[PDB]
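We begin with a single chain expressed as structure tokens, specifically the form deposited without 6-aminohexanoic acid.
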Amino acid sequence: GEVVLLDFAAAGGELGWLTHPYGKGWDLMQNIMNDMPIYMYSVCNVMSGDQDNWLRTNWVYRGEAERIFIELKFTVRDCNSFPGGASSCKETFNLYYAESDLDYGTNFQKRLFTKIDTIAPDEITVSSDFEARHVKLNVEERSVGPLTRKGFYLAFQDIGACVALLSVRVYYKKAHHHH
């Protein structure tokens, strides 16, 4: 009974998301070391200390969806992997959304976005596991609604973590019927 509205990993990086600032913040990457290609948005500016990097989805038409479920899969590297990053490095990132009736296109205005939650890893990836290609994939799900406008965006804010976002799946549950 689920209807999928957005599926980053299945789209092969063709979804055309928006980054702000463009360049040096979140970057679209692929890993092809495994059976299935892996796609991701990732950032790792853990030494600077003044990071405010944003990632916004394409516009998603809501249709009949009222409550939307947002499933994220991601890795976070241990801040202790980076020497002298005690104050600059973080281990969380933030999830936001915005409802709208039109597509704003390339105009990203973070002032229109509402925070859903801080997203934190149950498992951090330490250096030895990173170097051996054994990353720890975390899964976090949140829901919001009822939605009331024609469409919505999700956005992701990085504040100085070493984070790879590998899956973003948004779905709703079809109305229950009495057989």
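When you see a residue number, it is the position in the sequence shown, counting from 1. Throughout, rigid core stands for the largest set of C-alpha atoms superposing within 1.5 Å between the two forms.
The form deposited with 6-aminohexanoic acid bound exists for this protein as well; it is not shown, and the discussion that follows is about that form.
- Judged by heavy atoms within 4.5 Å of 6-aminohexanoic acid in the bound PDB entry, the contact stretch among the candidates 134-142, 110-118, 64-72, 147-155 is 110-118.
- With a 4.5 Å cutoff on heavy atoms, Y41 does not count as touching 6-aminohexanoic acid in the bound PDB entry; it lies far away.
- Among residues of the shown chain, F93 is not one whose heavy atoms approach 6-aminohexanoic acid to within 4.5 Å in the bound PDB entry.
- The closest heavy atom approach of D52 to 6-aminohexanoic acid in the bound PDB entry falls within 4.5 Å.
- With the core held fixed by superposition, the comparison between the shown form and the other one singles out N34 as the only member of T118, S48, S128, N34 whose CA moves by at least 2 angstroms.
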